[PDB]
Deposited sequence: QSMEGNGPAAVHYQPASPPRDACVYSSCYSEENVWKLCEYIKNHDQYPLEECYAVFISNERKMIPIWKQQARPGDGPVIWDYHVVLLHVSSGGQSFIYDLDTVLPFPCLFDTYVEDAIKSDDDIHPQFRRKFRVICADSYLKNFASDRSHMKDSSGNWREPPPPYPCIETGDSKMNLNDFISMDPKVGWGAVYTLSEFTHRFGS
């Protein structure tokens, strides 16, 4: 036997998975919409929440436990975005609308099963994490979806059913979030081990 505050009665910050606004291959906007819900629902301080971009320099990251590939294999994304809630006791939860893990999922469980160790992964596939305060994300993110069009301008995947997210300052800055260069964009950039050291139990 081994003993471990525990958030055993944790109440989710979002509606259940199937009630959330969601478009396949627009995880940056799915997470934005979760941030918007949290802001307007007055249950948790927005400052407890973070958008988390996952990518790397070659824009090829494996993620396991993904709905797009049922089974034990990874999806190789160019980038993927999830929501992190650091609950007030310190236990973190991951909200990934694309995972087959629970929604939400305990942080440690998400990193062990969906992310896995980088130790034995070929180095050009290793994961980095850009962590942006949810308030800063809502204030600064903009995407005109121009990255989801083919060479003739037609959609590669159908867009979300609402107008493009834009700010007063920009209509497209998605590359500043996918970038893992800490000299670019908002928030903090972590290696996988730095990320787990910072938020893990």
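Unmodelled region of the deposited chain sequence (numbering from residue 1): 5 to 7 only.
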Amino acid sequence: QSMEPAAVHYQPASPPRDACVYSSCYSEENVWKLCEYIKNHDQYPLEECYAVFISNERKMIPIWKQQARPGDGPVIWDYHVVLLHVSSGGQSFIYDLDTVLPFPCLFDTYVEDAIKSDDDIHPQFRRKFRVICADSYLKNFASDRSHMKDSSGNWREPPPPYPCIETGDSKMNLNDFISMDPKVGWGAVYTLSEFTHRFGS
From here on, numbers count along this sequence of modelled residues.
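Averaged over Cα atoms, the B-factor as recorded in the entry is higher for 114 to 122 than for the other of 114 to 122 and 78 to 86. Per the PDB record, of the two stretches 50 to 58 and 66 to 74, 66 to 74 carries the greater mean B-factor over its C-alpha atoms.
The entry lists C-alpha B-factors for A19, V189, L192, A13, and the highest of these is at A19. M148: CA B factor in the highest third of modelled residues in this chain (values from the PDB entry). Among all modelled residues in its chain, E29 ranks in the lowest third by Cα B-factor. Sorting the modelled residues of the chain by their CA temperature factor places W155 in the highest third. Per the PDB record, residue ranking by Cα B-factor puts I178 in the lowest third of the chain.
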